[PDB]
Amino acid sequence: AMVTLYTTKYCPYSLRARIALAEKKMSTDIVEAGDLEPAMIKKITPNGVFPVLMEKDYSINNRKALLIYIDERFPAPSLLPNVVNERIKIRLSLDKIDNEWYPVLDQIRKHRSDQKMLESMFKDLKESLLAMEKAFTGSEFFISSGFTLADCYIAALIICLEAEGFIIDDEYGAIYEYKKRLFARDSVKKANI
């Protein structure tokens, strides 16, 4: 029983972590905050921030470092590009994902009860993807030879975006294809359920 991950249900943040933890084929338990005690919760993560990653001696839940730490903790297989010019780019991309994209999900998660304010938020998101379906052709996985964190960031996104209503069709082109073979991966497939 080496390292356990505690995960709240709805989090897009908790999905993308169980993906990256799969690609590493590391035996790590998976627990639900909502299946434990209001006492232990305060012991594993005082600020109540899920998901959390416990080890014999360590503990971590920083949104920005959680995944980057999984990729370094269990090193093989690397979830960052090998070529330097591709790694430097892929980082600046994760940052865009977290900071320009995840906000769009939280917003669609908070003003979710307002149908007038959803239909218009969707219209702006679907409109933006299609202004990028152009730079999606020419790679099996996102802007890369193999699987990156960028794919874990984006699986969890599409997946939680789906549950919030927003779906992806044939209208998106490369994106739909990419989204379909992203869902194909065994690592994404597990956390999905």
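Residue indices: 1-based, along the sequence shown.
Peer 1: Looking at the entry, does 69 to 77 or 116 to 124 show the higher mean C-alpha B-factor?
Peer 2: Averaging CA B-factors over each stretch, the winner is 116 to 124.
Peer 1: Regarding 131 to 139 and 55 to 63, which shows the higher C-alpha temperature factor on average in the entry?
Peer 2: Higher of the two, by average CA B-factor, is 131 to 139.
Peer 1: Of the three thirds of its chain by CA temperature factor, lowest, middle or highest, which one includes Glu162?
Peer 2: Its C-alpha B-factor belongs to the middle third of this chain's values.
Peer 1: Report the third (lowest, middle or highest) to which the CA temperature factor of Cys11 belongs, ranking only the modelled residues of the same chain.
Peer 2: According to the entry, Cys11 has a C-alpha B-factor in the chain's highest third.
Peer 1: Determine, from the deposited record, the chain-internal third of the Cα B-factor for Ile193: lowest, middle or highest.
Peer 2: For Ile193, whose C-alpha B-factor we compare with every modelled residue in the chain, the answer is the highest third.
Peer 1: So where's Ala33 on the chain's Cα temperature factor ranking, which third?
Peer 2: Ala33: CA B-factor falls in the highest third of its chain.
Peer 1: State the tercile, meaning the lowest, middle or highest third, of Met40 with respect to the CA B-factors recorded for its chain.
Peer 2: For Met40, the deposited C-alpha B-factor lands in the highest third.
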